[PDB]
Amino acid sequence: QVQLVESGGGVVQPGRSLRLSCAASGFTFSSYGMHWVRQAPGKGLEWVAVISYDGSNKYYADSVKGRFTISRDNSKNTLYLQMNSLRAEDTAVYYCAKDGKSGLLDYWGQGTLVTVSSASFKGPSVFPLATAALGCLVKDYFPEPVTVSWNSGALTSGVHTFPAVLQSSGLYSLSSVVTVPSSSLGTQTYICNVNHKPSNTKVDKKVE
């Protein structure tokens, strides 16, 4: 009934610290050995570290060493990642995995996201984008993520909500679009509903 749940991520400043956790249920945590793997945005898999049995043995990937420490409380069933000296590039979903009985990653968790920025928490501005296309421009926000809706969720159809760009700034920008009958349009009202929770920011934008 094998479960793994990671916790602990965060926005974090370059130079600093962050601890991650991995709660195991379902198996002999204590018989296994464990890894951490990491997944930058737009990007592939990257093995980070391994811990034994026993705690005795700990391997680290090169890009991490001296910064990161791997550890383990056996007896609250839990795996740990200590991340010192954080840089920009350490931004990644962090997965914990079970070693088999190896070098084999049997069970993974769902991951936890680590964002490494000197940038300041912010809400977006919400600009209008006026066979027809329309949408909203979601500028200059930090951090991820953000939600878009059209007409309170009643518009679904012909919707494209595009992935965010990072910003030189270190702010996010984005777009949601919709296509519609040019017909409609006189006459049908369009409102993009923007939620940016880590700022407690909600915007409703009529586009016309």
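Start at 1 with the first residue shown and count on from there.
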**Prompt:** With respect to the deposited sequence, how many residues separating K101 from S102 are not represented by coordinates: none, 1 to 3, 4 to 9, or 10 or more?
**Reply:** 4 to 9
**Asked** What is the count, as a class, of unmodelled deposited residues between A130 and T131: none, 1 to 3, 4 to 9, or 10 or more?
**Response** 4 to 9
**Complete:** The stretch carrying the higher mean Cα B factor in the deposited entry, 55-63 or 135-143, is 55-63
**Complete:** Comparing mean C-alpha B factor in the record for 75-83 and 103-111, the higher one is 75-83
**Prompt:** Per the coordinate record, which of the options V194, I191, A24, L20 holds the highest CA temperature factor?
**Reply:** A24
**Prompt:** Checking the entry, which one of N151, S30, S176, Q39 has the top C-alpha B factor?
**Reply:** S30
**Item:** Ranked against its chain, the third holding the CA B-factor of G15
**Value:** highest
**Request:** Within this chain's modelled residues, let me know which third the CA B factor of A88 belongs to: lowest, middle or highest.
**Result:** highest
**Message:** Among the modelled residues of this chain, does the Cα B factor of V5 put it in the lowest, middle or highest third?
**Reply:** middle
**Request:** Compare the C-alpha B factor of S183 with those of the other modelled residues in its chain, then answer lowest, middle or highest third.
**Result:** highest
